[PDB]
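Before any comments, here is the structure.
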Amino acid sequence: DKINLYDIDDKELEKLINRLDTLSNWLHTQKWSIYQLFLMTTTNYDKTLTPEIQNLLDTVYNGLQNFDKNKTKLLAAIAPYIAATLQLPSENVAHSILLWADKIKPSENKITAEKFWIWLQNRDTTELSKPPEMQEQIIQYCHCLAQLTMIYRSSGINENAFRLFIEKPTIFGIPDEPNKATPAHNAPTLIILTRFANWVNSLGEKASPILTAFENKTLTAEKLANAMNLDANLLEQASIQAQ
Amino acid sequence: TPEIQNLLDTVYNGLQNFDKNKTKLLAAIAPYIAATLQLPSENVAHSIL
Amino acid sequence: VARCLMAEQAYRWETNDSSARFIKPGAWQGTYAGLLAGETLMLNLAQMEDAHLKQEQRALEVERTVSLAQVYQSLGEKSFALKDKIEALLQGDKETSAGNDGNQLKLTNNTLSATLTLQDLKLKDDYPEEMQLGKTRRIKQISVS
Amino acid sequence: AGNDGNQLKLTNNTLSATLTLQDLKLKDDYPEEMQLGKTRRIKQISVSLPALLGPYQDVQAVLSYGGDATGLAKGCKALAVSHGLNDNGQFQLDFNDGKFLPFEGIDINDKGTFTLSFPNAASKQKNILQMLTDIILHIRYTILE
Amino acid sequence: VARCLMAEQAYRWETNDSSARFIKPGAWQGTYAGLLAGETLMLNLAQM
């Protein structure tokens, strides 16, 4: 959005047209509106206390009332209400998306789920509407969660490879940094998840052993060829030609 | 695999508290094998063991 | 909810903690027609009973006899013997009453009252304070002979 | 007066007459004879103070134990004596109580040190403790294996 | 689970065996949302 077409290199212009064509063709493969991609990619979150998000606040407030930090993990405690209000099927997915929102460091304040419960833990009294200092920072965090679950729904990736992606983003081609290299909700780190999920769906039945062999560093060409019904020497020679 | 590991965990918790001279090992492991291999009967799980 | 609050008051009077509360609001959800209250109340009763089982102890049960003749006799120097003074105060129809701030023995209209204050028993000090034994000291039963 | 397990010692206020479980030799009242039983645990210890007790005038005495109460509940290692004639620390003795009694489950053999104390062994319990002649235990225990 | 461990300590103090344990982990299965714990705990109370 920031770059202008009034002055642009022809190579850069070519590359920009290729990016638009790649994104457009990928959306024609995914059958998505551009509004879907914009809503799943926006960093601007709206600041409005809705009664539904307030119902989420009331349910989590009554739910995680009577909590101590040193008894158990905060994330595992909040995970069922998040799994229900965001309609998530599993509980490890609700674990995943909370670790994800921790990694991305969302809207305005450098904020935390421990900061989230320290807000509901220090400054909260429900069924009362008076504004504190941190409320917009909380509700845009809630909008960020509601955004990041939508790409999990629309992508169709399975759960184990999703754990692998969040836990090791660098092995999926992001530049490395130990548990700080965070993929955003930008479109280039959507299309690569989508391609990886489509590869896993192309595999299908033999997916669990080959994904856990990819999870270890012992994945070979020969196990990989058998899941594609291809001759292994083809993959061997393709690797040699890339080398 | 985590699925075969889940089989291992289920049989481990299941046939925990076992003695050999109380009963047959095969009849003890047969329900977990019949479920994890989705076998309908228990004599089939006896047969395949 | 009324009976669970009754039980919470019984817990707050058995063990001594007034600030400790267990029954929290929000068990009724009117926007969902109040489904699932039994779960919340059963869980909260379980929390109360488990907190009781944690705070349950073995009690030390000590009896003690208080003879009022010794009590009204052993006082400050405004003291008196119980028998003769009660005999004189009931014999005479006078204003007269014997005792002090906590231990006056007074005749109102019909009745005679011999009252007593709990400091004069010094009954905590029958033992050393010795917090390995205990601090809080509550009456089980008072019986009169 | 006394020794390692049986010294009779005056500390600051109180007087303590302590005792060790080996000196009872109480396993050896019977032959060992494992058809009867090996393991031997205390059911109940009851104290009698054979003494001319004051009419409506009580003794003050606690009963301690030194074997750490490691399998015992919180406070089952202590016991209180008020009137000193074959008494539990409890007001009434309930065998059918689901609560464990104090000292219930203690080895006859040496596990810690068994200790009686008389608080206010200055001139408060002085008269009755100069009227004390001897101390009696009613030790009830259990034999099986 | 806390109260069943209380009862297990009561059993370990009534009869004398500290090594004897009955309550085993794995009654909660988080990967299946913790269904069927009552069966395991009822069976284990029956064994005690």
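Protein chains in written order, with the authors' numbering: chain D, 487 to 729; chain P, 536 to 584; chain U, 2140 to 2284; chain A, 2237 to 2381; chain W, 2140 to 2187.
Each residue gets a CB set at the ideal place from its N, CA and C atoms; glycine is no exception.
Task: Rounded C-alpha distance that separates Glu2340 (chain A) from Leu2262 (chain A) - done: Here residue 2340 (chain A) refers to the residue found at position 104 when the fourth sequence is read from its first residue. Here residue 2262 (chain A) refers to the residue found at position 26 when the fourth sequence is read from its first residue. C-alpha separation (whole angstroms): 16 Å.
- [ ] Determine the chain P residues that contact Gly2165 (chain W) at a beta-carbon separation under 7 Å, and present them in chain order.
- [x] Residue numbering aside, residue 2165 (chain W) sits at position 26 when the fifth sequence is read from its first letter. Ordered by position in chain P, the residues that pass the 7 Å Cβ test against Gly2165 (chain W) are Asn548.
Task: Own chain, CB closer than 7 Å to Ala2166 (chain U), minus 5 neighbours either side, in chain order - done: Sequence index remark: in the third sequence, residue 2166 (chain U) carries index 27 (1-based). Excluding positions up to five away in sequence, the list reads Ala2176, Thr2179 and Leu2180.
TODO: Kindly indicate which residue of U:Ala2190, U:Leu2272, U:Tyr2266 and U:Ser2213 has the alpha-carbon position closest to the one of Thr2154 (chain U).
DONE: Mapped onto the third sequence, residue 2154 (chain U) falls at position 15. When each option's Cα is compared against that of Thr2154 (chain U), the closest is U:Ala2190.
Task: Bounding residues of the alpha helix (DSSP H) (the contiguous stretch that carries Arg649 (chain D)) - done: Taking the first sequence and counting its residues from 1, the one referred to as residue 649 (chain D) is at position 163. Following the DSSP letters along the chain, one finds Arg649 (chain D) inside the alpha helix (DSSP H) bounded by residues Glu645 to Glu653.
Task: Entirely enclosed beta strand (DSSP E) segments - the segment 2251-2281 of chain A, minimum 3 residues - done: Segments of the beta strand (DSSP E) lying fully in the segment 2251-2281 of chain A: 2251-2256.
- [ ] Kindly indicate which residue of D:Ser641, D:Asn552, D:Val546 and D:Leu560 has the alpha-carbon position closest to the one of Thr612 (chain D).
- [x] Taking the first residue of the first sequence as 1, we reach residue 612 (chain D) at position 126. Considering only alpha carbons, the answer is D:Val546.
Task: Beta-carbon separation (whole angstroms), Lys2310 (chain A) vs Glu2381 (chain A), contact threshold 8 Å - done: Locating residue 2310 (chain A) in the fourth sequence gives position 74, counting from the first residue. Locating residue 2381 (chain A) in the fourth sequence gives position 145, counting from the first residue. No, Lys2310 (chain A) and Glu2381 (chain A) are not in contact; Cβ-Cβ is about 29 Å, not under 8 Å.
- [ ] Using a Cβ cut-off of 9 Å, pull out every chain W residue sitting near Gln551 (chain P), in sequence order please.
- [x] For the purposes of this step, residue 551 (chain P) is taken as the residue at position 16 of the second sequence. Within 9 Å Cβ-Cβ: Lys2163 and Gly2165.
TODO: Report yes or no: do three or more beta-carbon pairs, one from the segment 510-528 of chain D and one from the segment 669-687 of chain D, lie closer than 8 Å?
DONE: yes
Task: Exposed unless 16 or more other CB atoms sit within 10 angstroms - verdict on residue 2382 (chain A) - done: Because chain A in this structure spans residues 2237 to 2381, residue 2382 (chain A) falls outside the shown range and cannot be described.
Task: Beta-carbon spacing of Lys2224 (chain U), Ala2237 (chain U) below 7 Å - done: Within the third sequence, residue 2224 (chain U) is the residue found at index 85, counting from 1. Within the third sequence, residue 2237 (chain U) is the residue found at index 98, counting from 1. The answer is yes: Cβ separation under 7 Å.
Open item on the list: As a quick exercise: from D:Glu500, D:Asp532, D:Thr558 and D:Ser576, pick the residue whose alpha carbon is nearest that of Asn644 (chain D).
Closed with: Walking along the first sequence from the start, residue 644 (chain D) turns up at place 158. For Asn644 (chain D), the nearest C-alpha among the options comes from D:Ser576.
Task: Run of the alpha helix (DSSP H) containing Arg2151 (chain W), from where it starts to where it stops - done: Here residue 2151 (chain W) refers to the residue found at position 12 when the fifth sequence is read from its first residue. Residues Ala2141 to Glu2153.
Task: Length of the line joining the Cα atoms of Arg649 (chain D) and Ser582 (chain D) - done: The residue given as residue 649 (chain D) occupies position 163 in the first sequence. The residue given as residue 582 (chain D) occupies position 96 in the first sequence. Each residue's alpha carbon lies about 7 Å from the other.
- [ ] State yes or no: is the beta carbon of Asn2183 (chain W) nearer than 7 Å to at least one beta carbon in chain A?
- [x] Mapped onto the fifth sequence, residue 2183 (chain W) falls at position 44. It does not: the Cβ of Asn2183 (chain W) has no partner Cβ on chain A nearer than 7 Å.
Open item on the list: If we define contact as Cβ-Cβ less than 7 Å, is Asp2343 (chain A) a contact residue for chain U?
Closed with: Taking the fourth sequence and counting its residues from 1, the one referred to as residue 2343 (chain A) is at position 107. No, because no Cβ of chain U sits closer than 7 Å to the Cβ of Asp2343 (chain A).
Open item on the list: For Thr2378 (chain A) and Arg2277 (chain A), which I take to be in contact (beta-carbon distance under 8 Å), what is that distance rounded to the nearest angstrom?
Closed with: Taking the fourth sequence and counting its residues from 1, the one referred to as residue 2378 (chain A) is at position 142. Taking the fourth sequence and counting its residues from 1, the one referred to as residue 2277 (chain A) is at position 41. Between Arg2277 (chain A) and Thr2378 (chain A) the Cβ distance is about 5 Å, and since that is below 8 Å, they are a contact.
Open item on the list: I'd like to know whether the C-beta of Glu2202 (chain U) is nearer than 7 Å to at least one C-beta of chain A.
Closed with: Here residue 2202 (chain U) refers to the residue found at position 63 of the third sequence. Yes - at least one Cβ of chain A is within 7 Å of the one on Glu2202 (chain U).
Task: Any chain W beta carbon closer than 7 Å to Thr2306 (chain A) - done: Looking up residue 2306 (chain A) in the fourth sequence gives position 70. By this cut-off, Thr2306 (chain A) is not an interface position.
- [ ] Flag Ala2297 (chain A) as yes if its beta-carbon sits less than 7 Å from any beta-carbon of chain U, otherwise no.
- [x] Taking the first residue of the fourth sequence as position 1, residue 2297 (chain A) is located at position 61. Output row for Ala2297 (chain A): interface = no.
Task: For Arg639 (chain D) and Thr571 (chain D), the rounded distance between their alpha carbons - done: The sequence position of residue 571 (chain D) within the first sequence is 85, counting from 1. The sequence position of residue 639 (chain D) within the first sequence is 153, counting from 1. Roughly 14 Å separates the two Cα atoms.
- [ ] Using the DSSP secondary-structure output, state which residues sit across from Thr2378 (chain A) in a beta bridge.
- [x] Residue mapping note: residue 2378 (chain A) aligns to position 142 of the fourth sequence, counting from 1. Bridge partners of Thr2378 (chain A): A:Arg2277.
TODO: Determine the contact status of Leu584 (chain D) and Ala599 (chain D), defining contact as a CB-CB distance below 7 Å.
DONE: For the purposes of this step, residue 584 (chain D) is taken as the residue at position 98 of the first sequence. For the purposes of this step, residue 599 (chain D) is taken as the residue at position 113 of the first sequence. Cβ distance < 7 Å, so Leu584 (chain D) and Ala599 (chain D) count as in contact.
Task: chain A contacts made by the segment 2189-2218 of chain U, where a contact means CB separation under 7 Å - done: Under the 7 Å Cβ criterion, the segment 2189-2218 of chain U contributes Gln2196, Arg2197, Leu2199, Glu2200, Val2201, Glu2202, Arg2203, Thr2204 and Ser2206.
Open item on the list: According to DSSP, is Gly2290 (chain A) part of a helix, a strand, or is it coil?
Closed with: Your numbering for residue 2290 (chain A) matches position 54 in the fourth sequence. Strand at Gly2290 (chain A).
- [ ] Provide the residue span of the alpha helix (DSSP H) that contains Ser2353 (chain A), from first to last.
- [x] Looking up residue 2353 (chain A) in the fourth sequence gives position 117. Note, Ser2353 (chain A): premise wrong, no alpha helix (DSSP H); beta strand (DSSP E) at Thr2349 to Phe2354.
- [ ] Please compile the residues from chain U whose C-beta is within a distance smaller than 8 Å of the C-beta of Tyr2292 (chain A).
- [x] As a first step, residue 2292 (chain A) must be located in the fourth sequence, where it is residue number 56. Within chain U, the residues near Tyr2292 (chain A) are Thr2204, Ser2206 and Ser2284.
Task: For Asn548 (chain P), three-class secondary structure by DSSP - done: The residue you call residue 548 (chain P) lines up with position 13 of the second sequence. Residue state, collapsed to three classes: helix.
Task: Candidates A:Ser2353, A:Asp2333, A:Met2270 and A:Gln2293: closest to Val2283 (chain A) by CA position - done: Residue 2283 (chain A) sits at position 47 when you count from the first residue of the fourth sequence. The shortest Cα separation from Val2283 (chain A) among A:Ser2353, A:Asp2333, A:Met2270 and A:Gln2293 belongs to A:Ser2353.
- [ ] List the residues of chain A whose Cβ lies closer than 7 Å to the Cβ of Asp2156 (chain U), in chain order.
- [x] Against the third sequence, residue 2156 (chain U) aligns to sequence position 17. Correct list: empty, because the minimum Cβ distance to chain A is about 17 Å.
Open item on the list: Taking the straight line between their C-alpha atoms, what separation do you get for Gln2243 (chain U) and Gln2196 (chain U)?
Closed with: For this step, residue 2243 (chain U) is matched to residue 104 along the third sequence. For this step, residue 2196 (chain U) is matched to residue 57 along the third sequence. Straight-line Cα distance between these residues: approximately 39 Å.
Task: Rounded C-alpha distance that separates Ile597 (chain D) from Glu500 (chain D) - done: Sequence index remark: in the first sequence, residue 597 (chain D) carries index 111 (1-based). Sequence index remark: in the first sequence, residue 500 (chain D) carries index 14 (1-based). Distance between the alpha carbons of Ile597 (chain D) and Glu500 (chain D) is about 40 Å.
Task: Endpoints, the beta strand (DSSP E) within which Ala2316 (chain A) is located - done: Here residue 2316 (chain A) is taken as the residue at index 80 of the fourth sequence, counted from 1. Where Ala2316 (chain A) is concerned, the enclosing beta strand (DSSP E) stretches over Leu2315 to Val2317.
Task: Of the listed residues D:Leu550, D:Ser593, D:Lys589 and D:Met636, nearest to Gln522 (chain D) (C-alpha basis) - done: Residue numbering aside, residue 522 (chain D) sits at position 36 when the first sequence is read from its first letter. Looking at the Cα atoms, D:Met636 is the closest of the given residues.
Task: Minimum C-alpha distance to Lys555 (chain D) - residue among D:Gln607, D:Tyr567 and D:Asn548 - done: By one-based count along the first sequence, residue 555 (chain D) stands at place 69. If we check each option's Cα against that of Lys555 (chain D), D:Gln607 comes out closest.
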